[PDB]
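We use all heavy atoms of the structure for the numbers below, so side chains are in, but hydrogens, waters and symmetry mates are not. Quick note on labels: first sequence line is chain A, next is B, and so on, each numbered from 1.
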Number of protein chains: 2
Amino acid sequence: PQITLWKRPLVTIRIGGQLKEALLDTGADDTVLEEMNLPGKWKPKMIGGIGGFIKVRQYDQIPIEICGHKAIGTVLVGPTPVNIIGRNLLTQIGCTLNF
Amino acid sequence: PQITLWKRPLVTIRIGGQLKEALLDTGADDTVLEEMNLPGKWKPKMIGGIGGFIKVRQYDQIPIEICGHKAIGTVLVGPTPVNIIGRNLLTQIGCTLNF
Ligand SMILES: COc1ccc(S(=O)(=O)N(CC(C)C)C[C@@H](O)[C@H](Cc2ccccc2)NC(=O)[C@@H]2CN(c3cccc(C(C)=O)c3)C(=O)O2)cc1
């Protein structure tokens with residue numbers, strides 16, 4: 001789809017058979033999701049944002065289907081204010097900015 | 001133009017004879033610029049992201065040129081690491097997300 005920006009670019013994602021809303025976030029290097037359980041090994045990581053730095057858990061090679069488009073990659077889980085899809089997965093689903 | 005997201009979507013902006021690089025950020029409701037002493041009236045505001053909140057100063061009707069495209073609207077000025085062009089201005093320069 002083409003998505004205009006008069007509203008937040010919120011889409012439905014499927015991850016581990018669960019549906020969530022997440023924000024398509026071109027200003028985010030990394031995809032960060034709110035607290036949830038995912039299987040497999042994770043590694044402790046810290047990441048910065050506008051308000052300071054937070055601890056997250058890093059899960060690798062996680063399938064997410066984002067508004068119908070399949071990605072498999074890194075998902076950080078932690079105290080993000082909202083589920084964000086970052087450039088690491090936006091590139092996988094072919095997402096570009098156009099004007 | 002079309003901007004892929006392999007790297008951060010940085011572009012040159014102009015705000016009164018300051019040229020700065022800024023993120024075209026679909027995950028940002030509002031435009032947030034690094035500390036600068038803009039003329040005119042402003043109001044204090046708090047905005048939240050990863051790590052928590054920062055205090056910003058909200059200026060209205062500020063003309064900003066983004067990649068040669070004209071915009072004018074609200075800009076929030078405060079202690080951000082990066083200049084962020086938010087949805088309030090992205091719409092004015094005709095920016096969409098596509099995949
Ligand atoms: C009301 O208007 C608002 C406008 C913008 C924000 S936001 O910036 O918190 N953020 C909102 C989002 C998290 C829901 C926009 C993101 O795109 C944000 C932009 C950004 C902020 C600070 C530094 C870089 C980018 N992105 C992020 O929070 C993360 C943080 N980040 C990053 C990467 C590397 C190093 C850093 C450092 C050193 O801070 C940050 C990154 O790539 O994405 C909040 C409110």
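Counting heavy atoms from C-beta on, the side chains of A:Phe99 and B:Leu90 never come closer than 4.5 Å. The shortest distance between side-chain heavy atoms of B:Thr26 and A:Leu5 falls below 4.5 Å. In this structure the side chain of A:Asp25 reaches within 4.5 angstrom of the side chain of B:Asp25, judged on heavy atoms.
Residues A:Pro81 and B:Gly49 share a closest heavy-atom pair of CG-C, 3.6 Å.
Hydrophobic clustering of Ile, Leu, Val, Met, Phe, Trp and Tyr side chains at less than 4.5 Å, counting indirect connections, unites A:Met36 with A:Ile13. Placement of A:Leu38 and A:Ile85 within a single hydrophobic cluster is found when ILVMFWY residues are connected by side-chain heavy-atom separations under 4.5 Å, directly or transitively.
If you measure heavy-atom distances from A:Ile54 to chain B, the contacts under 4.5 Å come from the side chain alone. Only the side chain of A:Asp29 comes within contact range of chain B, with heavy atoms under 4.5 Å apart. Residue A:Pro79 does not touch chain B at all, counting heavy-atom pairs closer than 4.5 Å. Contacts of B:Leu23 with chain A are made by side-chain atoms alone, with heavy-atom separations under 4.5 Å and no backbone atom involved.
At least one donor-acceptor pair closer than 3.5 Å links the side chain of A:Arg87 to the backbone N or O of B:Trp6.
Interatomic distance, B:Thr80 OG1 to A:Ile50 CD1, rounded to the nearest 0.5 Å: 4.5 Å.
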Take B:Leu97 and A:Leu97, measure what side-chain contact (heavy atoms from CB on, under 4.5 Å) needs, and give me the verdict at the end.
CA-CA 5 Å; B:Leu97 274 165; A:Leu97 289 158; 3.9 Å; yes

